[PDB]
Amino acid sequence: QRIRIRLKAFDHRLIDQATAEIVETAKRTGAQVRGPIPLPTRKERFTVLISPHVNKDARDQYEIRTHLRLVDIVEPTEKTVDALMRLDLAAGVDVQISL
Amino acid sequence: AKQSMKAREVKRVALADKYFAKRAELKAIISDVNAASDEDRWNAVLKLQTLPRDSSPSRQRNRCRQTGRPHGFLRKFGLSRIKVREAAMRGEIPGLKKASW
Amino acid sequence: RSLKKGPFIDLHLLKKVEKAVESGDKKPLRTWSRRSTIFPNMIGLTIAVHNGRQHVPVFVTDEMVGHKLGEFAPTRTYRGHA
Amino acid sequence: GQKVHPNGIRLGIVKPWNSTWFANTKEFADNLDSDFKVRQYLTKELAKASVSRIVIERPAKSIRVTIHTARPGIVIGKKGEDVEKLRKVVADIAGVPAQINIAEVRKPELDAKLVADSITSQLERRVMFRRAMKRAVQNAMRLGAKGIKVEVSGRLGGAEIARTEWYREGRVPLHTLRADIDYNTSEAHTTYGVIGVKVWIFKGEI
Amino acid sequence: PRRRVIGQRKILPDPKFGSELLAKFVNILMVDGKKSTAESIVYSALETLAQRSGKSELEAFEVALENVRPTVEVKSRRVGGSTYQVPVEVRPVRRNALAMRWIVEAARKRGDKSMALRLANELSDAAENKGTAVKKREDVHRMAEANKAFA
Amino acid sequence: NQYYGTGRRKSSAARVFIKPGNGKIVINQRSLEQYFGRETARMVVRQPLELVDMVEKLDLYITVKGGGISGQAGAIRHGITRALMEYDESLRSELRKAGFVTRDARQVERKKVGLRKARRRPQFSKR
RNA sequence: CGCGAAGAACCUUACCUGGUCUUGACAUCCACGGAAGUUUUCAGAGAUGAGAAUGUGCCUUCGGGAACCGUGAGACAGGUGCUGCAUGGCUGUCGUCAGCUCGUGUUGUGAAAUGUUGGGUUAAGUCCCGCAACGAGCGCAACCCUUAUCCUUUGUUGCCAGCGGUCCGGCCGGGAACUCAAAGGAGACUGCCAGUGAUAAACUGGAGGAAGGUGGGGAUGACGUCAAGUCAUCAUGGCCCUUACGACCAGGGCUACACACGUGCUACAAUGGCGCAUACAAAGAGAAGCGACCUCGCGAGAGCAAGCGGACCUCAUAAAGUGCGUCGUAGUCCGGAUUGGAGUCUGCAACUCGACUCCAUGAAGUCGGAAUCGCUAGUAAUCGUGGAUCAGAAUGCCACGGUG
Ligand SMILES: [K+]
Ligand SMILES: [K+]
Ligand SMILES: [K+]
Ligand SMILES: [K+]
Ligand SMILES: [K+]
Ligand SMILES: [K+]
Ligand SMILES: [K+]
Ligand SMILES: [K+]
Ligand SMILES: [K+]
Ligand SMILES: [Mg+2]
Ligand SMILES: [Mg+2]
Ligand SMILES: [Mg+2]
Ligand SMILES: [Mg+2]
Ligand SMILES: [Mg+2]
Ligand SMILES: [Mg+2]
Ligand SMILES: [Mg+2]
Ligand SMILES: [Mg+2]
Ligand SMILES: [Mg+2]
Ligand SMILES: [Mg+2]
Ligand SMILES: [Mg+2]
Ligand SMILES: [Mg+2]
Ligand SMILES: [Mg+2]
Ligand SMILES: [Mg+2]
Ligand SMILES: [Mg+2]
Ligand SMILES: [Mg+2]
Ligand SMILES: [Mg+2]
Ligand SMILES: [Mg+2]
Ligand SMILES: [Mg+2]
């Protein structure tokens, strides 16, 4: 088969050390790996009133960036499966993997 | 924001989850276009008012979780714009830095 | 308007006109249900409709059918400016 | 004029976040509330334990809370029984299972939260505010801080007209984004009202 | 304009003819950013100026433009609450700019059907020194000669 | 071989392949008169190819994405000029004087808070 | 003065009329009796008052302890009640204006002065000289984000130059070139060349370059001023209420209407209106959600139902524009207010008081007195698109591109 792995996080340093962890766990265990590719980063904006009572035109603008990385895996061995299910990832990376 | 106004809100969502999203059957199934369009649909329209004046998610004012403010709400955070800003500058909301594009 | 699949009336008003249907003319029926539509079944009754502070008596005629009860009880008093 | 919050302007440049979890939109507001209730609890329980910073991280369905404190033997308790009845009540609040870690603050007089609550404690002890400000400024500058300024506000010494008085030593460049500024805030509830304290501590650039 | 005295932006020539003064004329005619609408009006007006009333098309356009260009205008000068009207010579950049602006505004307030035929009448009025775009030129020239003493 | 250029204007992006010899210009598998109805857009895509003289000497295969009419036509002209300077490299210094080598960096200004537009302010009254 | 309010039919809601409760709607502690939940019963506008069914978790270290309910007596709860002229926090404003100060020295009996003034220069208390000053701090600038050029890496859900094939759609084989995506790196410093300048700092001009002198835009707001704004976000000193200024419910109100003002939208047309045909975007949102195809309806919509937690699916066929035809300067084939009739959808519920659709109606208005506002370039002007709030409900607000 191919197994597809999506990574999303709020930081880009933390997300591509996490991809570097899973591209090098996967041909250390001996599989061709496809990627990693950066998908477009979805940025969500917010705009608040800062004053407790009036003054409409005084505002702040904030943002959350969600970075995305995609790795496809070519050669899903038995050794490859038990390697990258038991890996030491950080608290900021969300993983959702595809069969 | 007036302890009773929050208790009115806490009671409203707890009583809304009590009936609706479970027994929305009274209008989503019987008030349909087929052979139930006889008296059984009409008794369904009558039966919908036996349930309390609450129960409906259209009476949720959806206030802030800390202060209980009814205005300036943000559904992403659950907090008012005063408390979103006060906690974002403290670094409490993850990934929320000041936007400048 | 409301759609064609069912006019609205409250049940406490629907039962109260039903017992004025058979048992005859009464005192004017006190109601708070301004949002109910006037059925064929109510011609001849007097419905005292609430308007915020009082109950205004409404003697039902045949042209009032299909209107709301709140239309025959003005909630705001006003007469000239100066 | 009004200033920008010096911790908020430096997020992602020199200062990190105090929460390091990921969520989608469904789980975002409930993680934010449970972070609020865990922080509210640990502030009230460890009030005499000099806690500077509470870093909440959430892996998959976990939570781990790192308590930076100047005085770690009292949050630990007698060989570790106090942190259990901290984590038997944090996992109560968060719902997920919990872990408690404790990080030692080496110099508590270069920490803007610990300096602000030291001034706040003295103002409620009926101490004149000049002594509380000047001792806090001298103690931080003699330990190698590159600058400090403190500032108190509101009905000083029981006066009936409020004042804002501040005292600076060293170098505090609030417009420089490379500047490692440690800023925090505390409030003192006295018999004449609320006195607000603000502390800025500069430790060098980049 | 106290401190930073600027250069100027360079514009394209007209596509059909290679004219930069017609490119200025289409710009002055243009309303709310509609350049394609305004080139069709000028090209319609320049044709019915050329073919009905003597050829040599943009040769005819400057014959109409020569007859509306002013040579001396008036400008205020404030001294003490009595501010004089002093005649000043017009720059040739401003000469074309004032002539094309007076022709467009003359052609706007006519009663004919299209805009191109209002423009065509105004260019044929100006080529023969009549109309109202010419009379704006001598009204400026009358006022300049009236205040000739203040040179 | 194909000689290539990339040009862009406001939000448009054009790739340009030039091939040695004839006068066929085809754009998004349509030719010039079918794509650009406006004569001004036809001229500015022609413009780099009359300082360099090409009667029918270069086939041009061009595609373009994004923007509008004048954005795409300026993105083509900037893409042609880069392809011709790849083509012989002696063309640069007269193409500099024509201003065609300059990437026009004029972008739309963002809307600002408190303002009705990028710079338009609401109507002020003293009282 | 389209301000709090990023969205009042009920709710919100703090106001009014009426119906009701008094350790309470919300919290801790005590005693007693009931495990919680279930689901129907008649009155009442509803809050509130009257039967059946049932649980029994858990160790009992077997008295019961732990969750949830009812009743009783108190400490107490509760207050969007008053004071922003008792406060904290936050915000406006002069003003992104170039300023505001201190140490030590010196001068003056002293308040104070000097530095910070002077000659030049700069966007800048910016820099260079001179000088009883020598230094330093908060500001300025830079460090941050975005936009404009190139290089490297990776290549799907994005791309199609060279190839094969094709149902002629990158759709298949395939390719890693290109567009693009997002990580890393390079680039602009008055660096270079003339000239002017006090052998200065700096100015004008030129080359190269994608970009030239702060490249464009944003974030960033010094000491202070106005007893400026907010006790109704929250917090808080004092005062006041405590069978009510607290609490629950139904209906009404915040939408009234002789008038005056502020901010907008649409017009008064031919650079246009209508009809048919046909091009070219960006940035977003989506699971009690976005909802295609097909069928029905003139239409708003309805039925059925795929796909999509998303460079994949959907919202979602951009409009100005261009081509052809018609109207021919009129209160009009301009304008679409008002009112009548018939509907759709959301919602317990559209009477007061929703949005939208169809048919009919077709006011004022023909460019606006005195006066007054915004804008220096991708700006103004004009044309559409998206989001937050939100069941439904933008001419407002916040964003995005086209023409220019
Ligand atoms: K204040
Ligand atoms: K001194
Ligand atoms: K108070
Ligand atoms: K109402
Ligand atoms: K409006
Ligand atoms: K107006
Ligand atoms: K309504
Ligand atoms: K009409
Ligand atoms: K809505
Ligand atoms: Mg609501
Ligand atoms: Mg625009
Ligand atoms: Mg406004
Ligand atoms: Mg105003
Ligand atoms: Mg109400
Ligand atoms: Mg000064
Ligand atoms: Mg001086
Ligand atoms: Mg300086
Ligand atoms: Mg000096
Ligand atoms: Mg700066
Ligand atoms: Mg490559
Ligand atoms: Mg005041
Ligand atoms: Mg009510
Ligand atoms: Mg109102
Ligand atoms: Mg559709
Ligand atoms: Mg007319
Ligand atoms: Mg300007
Ligand atoms: Mg229009
Ligand atoms: Mg909009």
Side-chain angles (χ1 to χ4, degrees), chain A residues 12 16 35-41 47 50-56 58 70 72, chain B residues 1-4 6-8 21 48-49 51 53 56-59 61 67 69-73 80 82-83 98 100-101, chain C residues 1-3 8 12 31-35 50-53 68 70-71 75-76 78 81-82, chain D residues 1-4 9 13 24 153-155 160 162 171 175-178 187 189 191-196, chain E residues 31-38 41 113-115, chain F residues 2 4 11 13 15 17 37 65-70 72 102-103 105-111 113 118-125:
Chain A
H12 72 284
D16 67 359
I37 58 165
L39 294 180
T41 293
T47 294
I50 65 188
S51 183
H53 192 62
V54 289
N55 307 315
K56 182 59 167 276
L70 176 67
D72 276 327
Chain B
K2 193 183 271 188
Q3 280 286 131
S4 67
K6 298 194 262 204
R8 239 186 277 181
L48 198 40
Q49 288 77 242
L51 305 171
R53 191 49 82 79
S56 179
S58 300
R59 286 162 69 106
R61 191 42 213 198
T67 69
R69 201 168 179 264
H71 287 288
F73 186 77
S80 75
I82 316 186
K83 309 305 278 190
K98 282 181 67 57
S100 59
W101 65 96
Chain C
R1 283 195 185 97
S2 172
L3 53 92
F8 186 75
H12 61 263
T31 199
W32 287 264
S33 191
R34 316 183 73 252
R35 55 187 208 179
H50 198 248
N51 59 349
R53 46 172 180 189
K68 294 302 177 81
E71 294 182 359
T75 60
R76 282 192 285 262
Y78 164 73
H81 283 108
Chain D
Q2 280 76 236
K3 277 89 174 150
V4 75
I9 203 67
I13 312 170
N24 290 310
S153 285
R155 283 179 62 92
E160 270 75 6
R171 192 156 73 83
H175 281 57
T176 301
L177 290 164
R178 264 187 303 118
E187 281 189 18
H189 301 275
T191 68
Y192 297 105
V194 188
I195 302 183
Chain E
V31 306
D32 52 49
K34 284 187 184 297
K35 184 73 77 76
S36 83
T37 310
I41 284 168
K113 298 305 189 59
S114 76
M115 186 58 198
Chain F
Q2 299 295 285
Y4 178 70
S11 181
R15 84 182 73 178
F17 296 93
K65 287 177 205 171
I69 301 302
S70 303
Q72 284 184 356
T102 298
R103 205 265 201 225
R106 293 201 302 273
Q107 307 288 114
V108 186
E109 193 171 346
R110 52 97 80 81
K111 182 181 190 293
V113 62
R119 287 180 183 196
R120 177 73 159 91
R121 207 165 286 279
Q123 189 177 14
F124 168 76
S125 181

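First the proteins, then the strands, lettered A, B, ... as listed; each starts at 1. Any value given below was found using the heavy atoms of this structure, including those in side chains, with hydrogens, waters and symmetry copies removed.
Nucleotides G/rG215 and G/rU230 have their P atoms positioned 44 Å apart, rounded to a whole Å. G/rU96 and G/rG253 have their P atoms separated by 47 Å, given to the nearest Å. Straight-line distance between the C1' atoms of G/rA394 and G/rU385: roughly 16 Å, to the nearest whole Å. With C1' as the reference atom, G/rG289 and G/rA285 are 10 Å apart, rounded to whole Å. One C1' atom belongs to G/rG378, the other to G/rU403, and the distance between them is 11 Å to the nearest Å. For the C1' atoms, the distance linking G/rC353 with G/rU255 amounts to 7 Å, nearest Å. With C1' as the reference atom, G/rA25 and G/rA31 are 25 Å apart, rounded to whole Å. Between the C1' atoms of G/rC268 and G/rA292, the separation comes to 44 Å (whole Å).
Within 4.0 Å of D/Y192, counting heavy atoms only, lies at least one base atom of the nucleic acid. Here F/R15 lies in heavy-atom contact (under 4.0 Å) with a base. Counting non-hydrogen atoms under 4.0 angstrom, D/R171 reaches the backbone sugars and phosphates but no base. Within 4.0 Å (heavy atoms only), D/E160 reaches sugar-phosphate atoms of the nucleic acid but no base atom. When heavy atoms are screened at a 4.0 angstrom cut-off, F/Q123 is found touching the sugar-phosphate backbone but no base atom. Among the protein residues, A/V54 comes within range of the nucleic acid bases, having at least one heavy atom under 4.0 Å from a base atom. E/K35 comes within 4.0 angstrom of sugar-phosphate atoms only, judged by non-hydrogen atoms across all strands, and of no base. Residue contacts for B/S80: at a heavy-atom cut-off of 4.0 Å it reaches no nucleic acid atom on any strand shown.
An OP1 or OP2 oxygen of G/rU147 is reached within less than 4.0 angstrom by no side-chain nitrogen or oxygen of F/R103. Contact between the side-chain N/O atoms of E/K34 and the OP1/OP2 oxygens of G/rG321 is found at a separation under 4.0 Å. Under 4.0 angstrom from either OP1 or OP2 of G/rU322 there lies at least one side-chain N or O belonging to E/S36. Side-chain nitrogen and oxygen atoms of E/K113 include at least one within less than 4.0 Å of the OP1 or OP2 phosphate oxygen of G/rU329. The shortest distance between the side-chain N/O atoms of F/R110 and the OP1/OP2 oxygens of G/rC398 is not below 4.0 Å. Between G/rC356 and C/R1, no contact under 4.0 Å exists linking OP1 or OP2 to a side-chain N or O. Remark: A/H12 is in phosphate contact with G/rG184, judged by side-chain N or O atoms under 4.0 Å from OP1 or OP2. The side chain of F/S70 places an N or O atom within less than 4.0 Å of a non-bridging phosphate oxygen (OP1 or OP2) of G/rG404. For F/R119, a side-chain nitrogen or oxygen approaches OP1 or OP2 of G/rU376 to under 4.0 Å.
Pairing check for G/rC15 against G/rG252: the two satisfy the Watson-Crick or G-U wobble geometry, each of the two atom distances being under 3.5 Å. In this structure, G/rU71 forms a base pair with G/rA31, meeting the Watson-Crick or G-U wobble definition at 3.5 Å. Between G/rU196 and G/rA202 there is a Watson-Crick or G-U wobble pairing whose two distances both come in under 3.5 Å. The bases of G/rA302 and G/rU295 line up as a Watson-Crick or G-U pair, and both contact lengths stay under 3.5 Å. Judged by Watson-Crick and G-U wobble geometry, where both atom pairs must sit under 3.5 Å apart, G/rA183 and G/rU152 count as a base pair.
Put simply, the side chain of D/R155 and the base of G/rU87 share no donor and acceptor less than 3.5 Å apart. Side-chain N/O atoms of B/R59 and base N/O atoms of G/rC10 include a donor-acceptor pair closer than 3.5 Å. Side-chain to base pairing of C/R34 with G/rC351: one donor and one acceptor N or O lie within less than 3.5 Å of each other. For D/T176 against G/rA142, a side-chain N or O and a base N or O form a donor-acceptor pair under 3.5 Å.
Atom OH of D/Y192 sits in a sparse spot, with 12 or fewer heavy atoms from other residues, nucleotides or ligands closer than 6.0 Å.
For G/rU266, there is no paired nucleotide, since no Watson-Crick or G-U wobble pair has both relevant distances below 3.5 Å. Remark: G/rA285 base-pairs with G/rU314. Criterion, Watson-Crick or G-U wobble with two distances under 3.5 Å. Under the Watson-Crick or G-U wobble criterion, with both distances below 3.5 Å, G/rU48 is paired with G/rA43.
Where stacking is scored as ring centres under 5.5 Å apart with planes under 30°, C/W32 registers as stacked on the base of G/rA45. The aromatic ring of A/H53 does not sit over the base of G/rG4; the criterion of centres under 5.5 Å apart with planes under 30° is not met.
Here the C1' atom of nucleotide G/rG218 and the CD atom of F/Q107 are 15 Å apart, to the nearest Å. Atom pair C/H50:NE2 and G/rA250:P shows a separation of 13 Å (rounding to whole Å applied).
North is the pucker class for the sugar of G/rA399, given a positive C1'-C2'-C3'-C4' value. Judged by the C1'-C2'-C3'-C4' torsion, the sugar of G/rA188 sits on the south side, since the angle is negative.
Picking from G/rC26, G/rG402, G/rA350 the nucleotide with the shortest atom distance to the side chain of B/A7 gives G/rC26.
Under the 90° criterion around 0 for the glycosidic angle, G/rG63 counts as syn.
In this strand, G/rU121 stacks onto G/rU122; the six-membered rings sit under 5.5 Å apart at an angle under 30°.
Mapped onto RNA chain G by nearest heavy atom, D/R178 and A/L70 fall at different nucleotides, with D/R178 at the one closer to the 5' end.
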